[PDB]
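Listed next as structure tokens: two forms of one protein chain, kept apart as structure 1 and structure 2.
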Structure 1
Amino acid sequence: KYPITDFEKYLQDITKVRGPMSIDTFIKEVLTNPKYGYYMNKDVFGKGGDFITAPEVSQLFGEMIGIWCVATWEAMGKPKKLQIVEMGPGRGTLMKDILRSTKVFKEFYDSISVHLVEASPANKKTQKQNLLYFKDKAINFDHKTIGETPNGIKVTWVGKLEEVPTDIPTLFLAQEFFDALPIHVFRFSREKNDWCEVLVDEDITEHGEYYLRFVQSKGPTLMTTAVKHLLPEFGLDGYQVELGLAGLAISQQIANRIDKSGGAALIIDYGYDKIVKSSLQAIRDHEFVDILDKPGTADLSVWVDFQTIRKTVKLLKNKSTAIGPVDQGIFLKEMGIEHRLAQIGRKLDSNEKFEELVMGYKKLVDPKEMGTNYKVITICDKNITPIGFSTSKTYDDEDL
């Protein structure tokens, strides 16, 4: 029943002055608020720790993504200068594997610089410690936003995608980035015969279980109207959908960058090839808990709607398209992960470590693990056929 947290008073205050906030604003606050945000504040004080993600399972993952970067660079026409952008790099482990594994491709390696987009100073710090070669001391950690890898590759940190240079061919990597973006939640009302938005308000009822509560907008909000052409037209009463508008905006930026200067994006996450009705989850101490249970104290994740991403891109009607999704297992095998598995494994010649390597491979590709839950979609030029998407479906209805 009790008691009220510092963050729940700040969030209850927003609702008093501005009225009930969106799920989007709510998640934006819980994750990215200074000083209460789940990222930046707490669960770090070092290299995170709780980062159990695909790159952290196996160098195999990073190496396959690296082969993809090189193969895609080849299909683009071996541009002399190439940007590699990672959205939400985490510890930097994925990027570290890529830069380690792609060094042998001399021509490729000489054309690349890296741009990491990252909002958390703590994750920024971990990424830099890792990845960077420090030649002299007396580095000012935040003011100097650029550094150099031990192999001389240039890495620049930025807070938003918008700050990355434009008019240079660019690869974009987003791995467990989209599931941490804010979403809006919409619900159909027969009474209004229109969509309403689920909002977060005060809870000052008698038996108010958590201080905050899920309310519903009266009329259709700005956001409902803005996205109405992506919401199902057919609506039973109370029918409810999540939409990651933050991610759609990012998808549009990427699609347009590719349209202007060329490139390709690789978006990897757990999600569905359909609109997602309900997925927003809050985990804490290895248990699922209520989204409104001490907000800030639990990690909020979403399952990614790959379908709306794809449509949203295509709806720009320029040189970019979106191909996918395909299952992570199918993608990784199609990139040659089993060849690398046996190449790396042959070198280990320690049998207990070999089993370690295989188990991480199984986690990545086996359907009962990450193999099917995780999926891959690409944003790219219509003219340049992507690498690793031979199993992608053709969506004849959406292609006009």
Structure 2
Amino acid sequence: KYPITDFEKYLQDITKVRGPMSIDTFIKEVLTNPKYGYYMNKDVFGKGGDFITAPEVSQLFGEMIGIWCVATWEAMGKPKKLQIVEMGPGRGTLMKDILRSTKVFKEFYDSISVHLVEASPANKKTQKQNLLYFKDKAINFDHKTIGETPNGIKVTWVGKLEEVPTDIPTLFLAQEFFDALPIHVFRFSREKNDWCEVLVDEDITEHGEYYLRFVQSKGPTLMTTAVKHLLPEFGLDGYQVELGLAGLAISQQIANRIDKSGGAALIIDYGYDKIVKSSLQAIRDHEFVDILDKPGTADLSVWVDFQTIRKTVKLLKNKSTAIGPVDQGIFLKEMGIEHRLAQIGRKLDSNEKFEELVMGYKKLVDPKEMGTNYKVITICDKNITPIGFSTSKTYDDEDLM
């Protein structure tokens, strides 16, 4: 027990006026509320980024993704203009490593411009400071949405993917992005013989524990009905699933963009090649805590359902498709990470630096590290073979027929 927080008050009040809220709405509020959001106005807490992401683990990761960008661009016939779009670029580390390591490929480097999709002003500032060359002393990062890299590469920031120019071949990079998108949660009731949505309501029950609680909707919600075609038919009592509808919508935007103007997307995240039953987690100061324990004070995340993304793209029945998830270890090895590891190791002269490099490699590719939990899926043109997906599976049930 603890005193009720202001943002818990605020959330309770939403449930009083509009009824229990979907988990999607709950997550949106918790992360991105102007006054109380976790992602918004707080920062300065854990590490300097808090959690180490794949790019921050090793330059190897960024270099392998750069090689993927170049190889893909070649496979698309070396367009004179290529957009590279990143969803949620973090500190800009991945993009920085790409732009460094791909400089050597002149023809490629001459064709690229960069577009970063970023909602957080804090993140925009960090990314700009990390990526741009500045001529002026006084910088207001808000009225500075276009910039130039020290190598002269153009970089533009926008709030939504919708704002990115169309009608130009485009690469899309989404690294640890989908795990941070909101989700809906549904639960099958056999005694109602139908699906219900799981909602967050105020909790005023004696010995309730927190000021919010999870409840089940009285029958199907509008969303339940709207997505019943995605839920499993084998409804067992209490059987529960998570659905990343926001992610599916983004996937459709990317797929249709690729269908119209060409391109390819790499989506890298921790997740499964199946529907995820339960994975929503809340971390605070590097400790797992209850989702409803001081909402807004903890980072929420989900394991990505790669299967539903794949099926959703395929169901567009256009020139796009999604070549199914392959493990990060397998992907990075297939991109030539071991050769690069050897080359960098040889240029290094320090034993300590070499040991660091190898530790990073192992963290990226070992099965007991990120190598298996993290997975890679691509959205691309049916007629252009993806790079790094030789081990992707076939999925008969879902293919053309």
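Structure 1 provides the reference sequence; residues are numbered from 1 along it. Residues that one form lacks are left out of the comparison. Between two forms, the rigid core is defined as the largest C-alpha subset superposing within 1.5 Å.
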Report task. Have a look at 333, 362, 47, 28 and give me the residue whose C-alpha moves 2 Å or more between structure 1 and structure 2, with the fit done on the rigid core. Result -> 47
Query raised in the report: Does the C-alpha of residue 104 move 2 Å or more between structure 1 and structure 2 once the rigid core is lined up?
Result: no
Report task. Using a rigid core alignment, state whether the CA of residue 233 is displaced by 2 Å or more between structure 1 and structure 2. Result -> no
Report task. Once the core is aligned, please say if the CA of residue 146 is shifted by at least 2 angstroms between structure 1 and structure 2. Result -> no
Report task. Having superposed the rigid core, state how many Å the Cα of residue 37 shifts between structure 1 and structure 2. Result -> 1.7
Query raised in the report: Can you give the CA shift of residue 219 between structure 1 and structure 2, in Å, with the two forms fit on their core?
Result: 2.0
**Report entry** Residue ranges moving between structure 1 and structure 2 (criterion: at least three consecutive CA positions shifted 2 angstroms or more, core aligned)
**Finding:** 43-49, 136-140
